[PDB]
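give me a model of this one.
(8 chains, ligands or ions: 1)
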Amino acid sequence: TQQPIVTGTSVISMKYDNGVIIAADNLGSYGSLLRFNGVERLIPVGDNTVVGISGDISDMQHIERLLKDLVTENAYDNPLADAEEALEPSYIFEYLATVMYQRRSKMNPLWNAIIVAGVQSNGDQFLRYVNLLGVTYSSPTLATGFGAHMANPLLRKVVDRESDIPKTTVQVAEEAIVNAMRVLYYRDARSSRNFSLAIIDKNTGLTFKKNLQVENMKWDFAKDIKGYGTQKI
Amino acid sequence: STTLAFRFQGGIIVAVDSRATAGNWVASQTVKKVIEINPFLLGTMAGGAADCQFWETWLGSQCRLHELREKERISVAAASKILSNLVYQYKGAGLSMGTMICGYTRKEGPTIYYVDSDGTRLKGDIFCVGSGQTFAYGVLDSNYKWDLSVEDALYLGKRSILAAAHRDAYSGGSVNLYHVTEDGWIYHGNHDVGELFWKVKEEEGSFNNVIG
Amino acid sequence: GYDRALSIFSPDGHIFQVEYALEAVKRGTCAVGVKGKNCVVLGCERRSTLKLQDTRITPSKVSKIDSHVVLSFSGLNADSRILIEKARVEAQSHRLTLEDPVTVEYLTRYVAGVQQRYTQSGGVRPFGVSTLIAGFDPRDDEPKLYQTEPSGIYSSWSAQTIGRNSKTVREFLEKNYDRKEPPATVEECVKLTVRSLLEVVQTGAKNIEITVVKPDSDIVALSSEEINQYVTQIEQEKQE
Amino acid sequence: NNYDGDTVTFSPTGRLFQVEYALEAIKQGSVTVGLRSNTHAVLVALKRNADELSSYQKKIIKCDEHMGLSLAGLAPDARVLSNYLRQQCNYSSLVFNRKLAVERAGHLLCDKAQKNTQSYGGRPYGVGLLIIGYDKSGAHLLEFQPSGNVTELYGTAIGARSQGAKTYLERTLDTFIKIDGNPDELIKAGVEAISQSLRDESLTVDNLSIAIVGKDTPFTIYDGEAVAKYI
Amino acid sequence: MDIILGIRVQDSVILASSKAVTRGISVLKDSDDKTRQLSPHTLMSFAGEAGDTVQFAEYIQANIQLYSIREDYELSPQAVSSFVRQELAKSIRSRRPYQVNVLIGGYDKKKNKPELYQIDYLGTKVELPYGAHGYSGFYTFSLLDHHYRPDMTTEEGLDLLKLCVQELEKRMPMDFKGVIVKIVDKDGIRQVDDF
Amino acid sequence: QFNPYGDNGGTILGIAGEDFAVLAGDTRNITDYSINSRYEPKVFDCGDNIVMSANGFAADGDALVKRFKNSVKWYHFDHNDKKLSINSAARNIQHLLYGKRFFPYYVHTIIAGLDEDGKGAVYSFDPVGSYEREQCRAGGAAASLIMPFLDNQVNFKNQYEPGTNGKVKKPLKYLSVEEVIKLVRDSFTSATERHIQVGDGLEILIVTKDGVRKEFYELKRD
Amino acid sequence: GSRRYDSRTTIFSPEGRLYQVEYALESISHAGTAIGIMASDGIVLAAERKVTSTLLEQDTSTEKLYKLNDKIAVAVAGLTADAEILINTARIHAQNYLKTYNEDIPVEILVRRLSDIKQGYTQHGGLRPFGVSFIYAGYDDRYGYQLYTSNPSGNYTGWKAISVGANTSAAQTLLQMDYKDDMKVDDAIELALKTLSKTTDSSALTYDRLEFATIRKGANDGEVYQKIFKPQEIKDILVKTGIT
Amino acid sequence: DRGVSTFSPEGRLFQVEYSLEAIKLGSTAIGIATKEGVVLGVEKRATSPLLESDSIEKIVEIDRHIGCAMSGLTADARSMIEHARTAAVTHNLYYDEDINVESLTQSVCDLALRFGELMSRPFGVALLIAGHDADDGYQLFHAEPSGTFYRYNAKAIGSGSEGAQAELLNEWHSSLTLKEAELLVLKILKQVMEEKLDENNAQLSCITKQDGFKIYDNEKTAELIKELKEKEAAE
Ligand SMILES: *[C@@](C)(CO)[C@](*)(O)[C@H](CC(C)C)NC(=O)[C@H](Cc1ccccc1)NC(=O)[C@H](CC(C)C)NC(=O)[C@H](CCc1ccccc1)NC(=O)CN1CCOCC1
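Numbering: from 1, shown residues only, chains lettered A, B, ... in the order given. Okay, here it is:
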């Protein structure tokens, strides 16, 4: 039995024609206090997988160490560690999914929601979710926390089903992700303006973007709003 | 559920309903609440479905192992006590079982043992177990005599379940009848309450509370 | 824990520790079991190099396992106590779970299973003991007599003897015991038992113990004078 | 002599006699052959019988849909080791959703056999194994020895008179390695290889045992009338 | 389980135990014997939590019987009662205690005296001239305080016991379906069939 | 306090024919008022012509299916590639479920296939392992909506022969695979209309002696 | 491994004897003789100390005779250190029985349990047996006055008069010669000392080389008293019987 | 001394090879498998005439569809049978079906090598396990203390095994009837037995799909013994 202390908010992601995009802001909240601002919640594994984690940060750091150790262990007695026997997104996910469910079954969970985004060796897009309960599901768009409520509706307007994936380009997909991050900044009280974004493409590979900012915000209309009903000054 | 079994001149009658509930949701009308342990032993099931079903089939395995080791069919007393000693180990853990081990052996004769999940084990001539046990008792006790014929005893057992199936909201479906003799148990059919009630009402002239 | 495999096979296919345990039985005082038509009698030798004994308190050779079953033995006395204790506990355990006392076959099978377990368990030696288990099953009037031995094998006997000079008394029983007509009465069965011990014992004074077991938990041990009467009667008939 | 009482003792020349005596149990065992191409891997095993009234001892065991082995020596020891492989293959599937590499399979067996050669009380395994499989890096063939030594090969043979089949495969190396996309021809080469280890006896219908795994072929075993094709 | 009484008189101990076994709103049995013979001259009645009662009684019974076989000798009622108390004294600090209250009626053959011991589930032992467990005591003790004499006969004890059962049948809320009466004396244990 | 259970919604349905059996289930996965996936299958081919679904808490559902699939694998290893019969699978699943009697899998399990006489078989399980063979069973969130409809249309309950004065019952008969799929589709469209956790897609697995076939149908996405 | 150095203490010889038990008995046969004699109105325990030195503190010494409880005592023959291990176990066992049944432990029960412990060391555990033989002298209300003996094998037997340790063959012949059933304690005291006096390996039997004890009902009315004799009391009883 | 799990220079386990010598000293047991059933027969070999031969239990039921005969240190077989019976019943509990004869045999043989420095020595007994299942039909297995088991059409174990096996080699064919097999076991037992064969010192049994495993009565076997003697004198 735990209670989360230092927390990370929404992780959002979607599939596009050649790969997957994933994003998450750089905040480490301590309740209502926006305590830590340099927190990286996207963690790459190899050159083909990115694990996005929300929830308790101490448990996130534990998961980082496991993934780091997983890469090391895979390299042992493995001449094809950087080729045919390299770590796949599906391997990394299933490992985490196993751990998450084992921990919930011992009544001592890792208080997180995790999204493993990547590209398989055969070029197929991989995007799957797992959380503290060990619950797993996959979808063309996946999001955690407030992202599930606000980002998914927006991302589903682009990719509403499987057949929309080949029709969606990386430009259109990234634009929707960046828009969703702005909406979350408007409406999620435990979010920050600064965020990281990662693209895993089957052709161009892993592109990790740091220190992005929400921009092109609409605040001007606020000046016209006076009082709460009858005030005209 | 409603289950009964009583001892009489011509052996043992065993009768059960077939309903299974999850709260007010009627989950099944076709549950087998009598377990056939061997040609001379029967076990009735009331309470938690899984608890009864799992541990009474387990009981059957223990009874088989007895007759392999001892080259002799297990006694009704020993069979019941295996089950009672088992549930006693789980006392407090929350098992829910109201069972009756009915059978015949040479040394014992016809015998009935009531065994429940809080460790109670009682030998007796008449028992009714389940949510509708009281309704079954009312009809059974008021019509019971030791000198009942096999035909009348079978009907009284059937009629007592019907009585409970009617009044108890958590009993119904159909009646399963068994008759245990010196030669072993004999199945006396599945009787759907849907047809049985009206057949009994018309022929017997009872159930005048219901709109005919 | 001490793990050593003490009981092991030899090139010729023998387990010497089990066979040396039989030698300990062969050293032990003679014990005999004879079953009649409606009874079983257990006879036991007591060596007479021990005078100044206190027979009130000295452990008796025949031991009650339950009210309806008895156990005598030949071999190591200290080892026998362990088997008797285990058997007595299993007797009460059986009554508790089965709601019925043990059969003589069941009790024998248990004791024999214990003896066997010590022949292939690490860190232990076999029991230097062979037993004669006798009694009557619950609600039964057929006499039962069983034998066990260190190896763990057990079997039923019409009449049997174990211990020192047992081959002599077995020879006697083999020609004197009729399968078609066993000792019809208690007196006949006791006499045949005493006769068989008189082939080996020495004197019929405080050297022979006799215990009679009858149906429905009817067990009694004979006193010196009672046994001496059989000894006196047999010797007078012998001079012929 | 004085240094063969247990596995924990070295001889003066640095030998482990108990490990060598375990190796000897393999030489007494019936011959079995392993060979592979780039697409498929094949096990061929000469089964042995007690007499004409008995059945023929099964030499081949399946470990997963993509991996399995043949045995020579103590069969119960092969059962223990094959069961261990089954679990490890299965652990890899459940936890990582990943088919176990044939190379890791060999490493795991090596380490399991090794622990038995360094500790008091235990004994070495008394069996040799030929593991075949098809994984993400194509077809594979391994040779396991109970000393711990595992070796990846194109082809090999273990058991009594295994030198005959091993010489043949050493000559045929360049031919059978290129039998790609043709199962029956790769088996034929294996059946002709094991034939070089035969004396007085010939390959009959309930004597021969063949197994195969490959690109679009799960690990399957052929016995009885299913091997009559290759005699 | 509810009513268990005990009366020690001049030459015997009389135990009375209710026959009813009730769960819920149903009397499942009206002929239940709430006692076990521990040895030829020692009888134990019991009452308490369902299952625990019999399981405990039979466990004690098996132990006393085992002792009797081992030593070819009958333990005194005092010795048996001390053994029983210790088992309950262990039990109360266990993970799941036996919730069983007992009366041990015995005849000591060495002393030629009847003995009645009352032991509750905590392991609280007392020797008494008359005893009871549960709500029975709230009526029977005061009644016996008045009518009991130490030099009474077994017949006088049975009439005294009838007076208790009548009072209980009058004032107790629950129907306990009468009692099974047993007598323990120099000649062992015997049951009164007509009560 | 940490709550180890959750409700992933959805509903499942099993119907048995004469020489076939179907096991259907919607593809929607939810938590509270949010949709997690519109296509997350929960009806699985487990081998030996046995299809299985464990509806309720998806984590426990997946764990169970995973363990049973593994049980089938080891059954082959230990018993010379013997085919696991549907009755044997059912009993094996009871022990899986009851093994966690004191920390249950929160799922309603249904399996379907063919019995050893080649006839259609459906078995249903409660969370702790009580099981029963039936012609018909719905499980999950919309079971209370679908099940009485099945009683009426599959087992012809409360239906009498016209003009017989409610004396002769409508005779029981096996349904064709075509007629069964009609009932499955209508059951799920009805359930989708009136239950918020049911919708998106319908996936049916049909089992005959020839193997396991699949069919997919769109459902309303609101 | 360690197998090389294992003596295998718990095995049979080809003749069916337990090597270590036999050799432990050989060890005990060199120990100071101890005699127990049971009379109708009490029990005597007499024991010879092993070759005493003149500078040994005699009055505050305990080598042979030990008290188990108020009703039971033992005479030791063999390794003293081994005996004390067993004595503390026996003392505890007696108190467990008293705590359980509120009654003093019957003599045979105590003897059986102590003998069962010895038996264990001959059948399992791979340890050497206890090189000790006991003479138990005690009283209970069932059998009255009782004498037992136990040895390393774990086998125990009851006696009217018995000796353990050195010269038991010669000692047992002398006891068998002069013992009779209607004997009194004071007569048994004389027999015990006379037997030691003849079987001793010393030149002459003196007070400083002896331990002596009686268990009488010589207390006031129906109760048992244990008397462990003081040096001066042994000196007096030795003069009173005319040995010195 | 030396380790329990030691290999000889030839590549065999000393203790397993020595236990095989103990089995050769044991009483003869013969099994014959047919399409109408499997027959199991044993030599009782009473050590003395006072011993009640009906108490000699060398043929044993494992389940209704599986039977067992033994030879060697028969006391060692008790825990092997106990395991087999539990394995058989346990499998029925988990899978609601009879357990395969081969799987049962394999379960028993897994105990065999669980010895060392687990139990202290191998078993000193060989088992003939006969049974029937729906898949492979009527089967006869020979389970050794080496952990190995062979299936046999016919098999003899014990003191007269090599002589009896050579006789079974000639006599066995695939079309043997049950009655023919019964007589064949009696015939071969009478040849290798020391004392003269009769209903008291030899026991027969069989397993059929219909009636399951049955130990024959001494009355039934006696008639088969009489039928056997008449047929041999008839030519
Ligand atoms: C009469 C009818 C009532 O007592 C009979 O006694 C029958 C006995 C027959 C079945 C042997 N008793 C029941 O039907 C019994 C009543 C009951 C239920 C729960 C506890 C005690 C008694 N019913 C059951 O056991 C049902 C049987 C199913 C419906 C076939 N099962 C459940 O209720 C299950 C299991 C409950 C459970 C018990 C112990 C530990 C864990 C769980 N519960 C669920 O399936 C949960 N629920 C169902 C509806 O959907 C939401 C989840």
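
the strands in chain C, which residues?
C:31-35, C:40-45, C:63-64, C:69-75, C:129-135, C:144-148, C:154-156, C:159-162, C:208-214, C:218-221 (DSSP state E).

please produce CSV containing these, extended by distance to residue F:119.
C-beta: built from backbone N, CA, C; applies to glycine. Output for the strands of chain C, formatted as CSV (distance: least, CB to CB, whole Å):
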stretch, distance to residue F:119
strand C:31-35, 60
strand C:40-45, 61
strand C:63-64, 62
strand C:69-75, 56
strand C:129-135, 56
strand C:144-148, 54
strand C:154-156, 52
strand C:159-162, 61
strand C:208-214, 62
strand C:218-221, 63
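
in TSV, list these along with distance to residue F:216 and mean neighbour count.
As requested, the strands of chain C are exported to TSV (distance: least, CB to CB, whole Å; neighbours: other CB atoms under 10 Å in any protein chain shown):
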stretch	distance to residue F:216	mean neighbour count
strand C:31-35	80	29
strand C:40-45	80	27
strand C:63-64	78	23
strand C:69-75	73	26
strand C:129-135	73	29
strand C:144-148	71	25
strand C:154-156	69	22
strand C:159-162	80	28
strand C:208-214	80	22
strand C:218-221	81	14
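
out of those strands, which gets nearest to residue E:46?
Set against residue E:46 and scored by CB to CB, the strands of chain C come closest in strand C:63-64, at 28.2 Å.

of all the strands of chain C, which lies closest to chain B?
The closest of those to chain B is strand C:154-156. By CB to the nearest CB, the value is 14.1 Å.

ok, and what's touching the closest one?
C:105, C:108-109, C:111-112, C:144-148, H:51-52, H:54-56 (CB atoms under 8 Å, 6 or more residues apart in numbering or on different chains).

if we go to 10 Å?
Under the contact criterion CB atoms under 10 Å, 6 or more residues apart in numbering or on different chains, strand C:154-156 has outside partners C:35, C:104-105, C:108-113, C:115-116, C:130-131, C:133, C:144-149, H:46-48, H:51-57, H:75, H:78.

among those, name the buried ones.
Buried members of those, counted by 16 or more other CB atoms under 10 Å in any protein chain shown: C:35, C:104-105, C:108-113, C:115-116, C:130-131, C:133, C:144-149, H:46, H:51-53, H:55-57, H:75, H:78.

nearest residue to residue B:87 other than its sequence neighbours?
Nearest residue to residue B:87, sequence neighbours excluded (CB to CB, 6 or more residues apart in numbering or on different chains): residue B:117, at 5.1 Å.

hmm, the one you found is touching residue B:89, no?
No. Residue B:117 is beyond contact range of residue B:89, at 11.3 Å (criterion: CB atoms under 10 Å).

ok so, going back, in contact with the residue nearest to residue B:87, which residues?
B:47-48, B:51-52, B:55, B:84, B:87-88, B:90-91, B:93-99, E:50-51.

recalculate using a threshold of 8 Å.
B:47, B:51, B:87, B:90-91, B:95-98.

same question for residue D:39.
D:138-139, D:180-181, D:214-215.

ok, so of the residues you listed, who is nearest chain C?
The closest of these to chain C turns out to be residue D:139 (CB to the nearest CB; 46.1 Å).

around chain C, which positions in chain E sit nearby?
Selection of chain E residues close to chain C by CB under 8 Å from any CB of the partner chain yields E:58-59, E:62-63, E:65-66, E:69-70, E:72.

which of those lies closest to chain B?
Nearest to chain B among those, with distances taken as CB to the nearest CB, is residue E:58, at 10.0 Å.

now intersect the contacts of residue D:39 with the helices, please.
Among those, the subset assigned to helices under DSSP state H is empty.

which among those gets closest to residue H:203?
Nearest member of those to residue H:203, counting by CB to CB, is residue D:214, at 53.8 Å.

looking at it, that closest one is touching residue D:133, isn't it?
No. Counting by CB atoms under 8 Å, residue D:214 does not reach residue D:133; the two are 9.9 Å apart.

ok, the two, which is more surrounded?
Shown here are residue D:214 and residue D:133; by other CB atoms under 10 Å in any protein chain shown, residue D:133 has more neighbours (28 against 24).

which residue is the nearest non-sequential neighbour of residue F:49?
residue F:113 is the one closest to residue F:49 (CB to CB, 6+ apart), at 4.9 Å.

the residue of chain G found nearest chain D: neighbouring residues, count only.
Among the residues of chain G, residue G:1 lies closest to chain D, at 3.7 Å counting by CB to the nearest CB. Neighbours of residue G:1 under the rule other CB under 10 Å: 14.

pretty sure it is touching residue D:6, no?
Yes. Here residue G:1 reaches residue D:6: they are 6.7 Å apart, a contact under CB under 8 Å.

now do the contacts for residue 36.
As the question left the chain open, I've gone with chain A. Contacts here follow CB under 8 Å, 6+ apart; on that basis residue A:36 touches A:6, A:27-28, A:30, A:57.

my bad, chain D
Residue D:36 sits next to D:42, D:132, D:139-141, D:154-155, D:177, D:186 when contact means CB under 8 Å, 6+ apart.

between the residues you listed, which is nearest residue A:124?
Among the contacts of residue D:36, and counting by CB to CB, the member closest to residue A:124 is residue D:139, at 24.3 Å.

for residue 75, list the residues it contacts.
No chain in the question, so chain A it is. Contacts of residue A:75 (CB under 8 Å, 6+ apart): residue A:81.

not quite, go with chain E.
Counting by CB under 8 Å, 6+ apart, residue E:75 touches E:39, E:42, E:64, E:67-68, E:83, G:101.

check which residues of stretch B:160-169 are buried.
For stretch B:160-169, using 16+ other CB under 10 Å, the buried residues are B:160-166, B:168.

helices - which of these land there?
B:160-166.

for the helix or strand where the residue nearest to residue F:49 lies, packing partners?
Following DSSP states H and E, one finds residue F:113 within strand F:107-114. Other helices and strands packing on strand F:107-114, by 3 or more CB pairs under 8 Å, 6 or more residues apart in numbering or on different chains; DSSP states H and E, are strand F:11-16, strand F:21-26, strand F:50-56, helix F:58-78, helix F:86-98, strand F:120-125, strand F:136-140, strand F:201-208.

just give me how far the lengthiest helix in chain H sits from the chain centre.
In chain H, assigned by DSSP H, the helix with the most residues is helix H:77-95. Counting by CA atoms, centre = their mean, to the nearest Å, helix H:77-95 is centred 17 Å from the centre of its parent chain.

is chain D contacted by the helix or strand following it?
Beyond helix H:77-95 on the C-terminal side, the first helix or strand identified by DSSP H and E is helix H:101-112. Yes. Using CB under 8 Å from any CB, helix H:101-112 reaches chain D at H:109, H:112.
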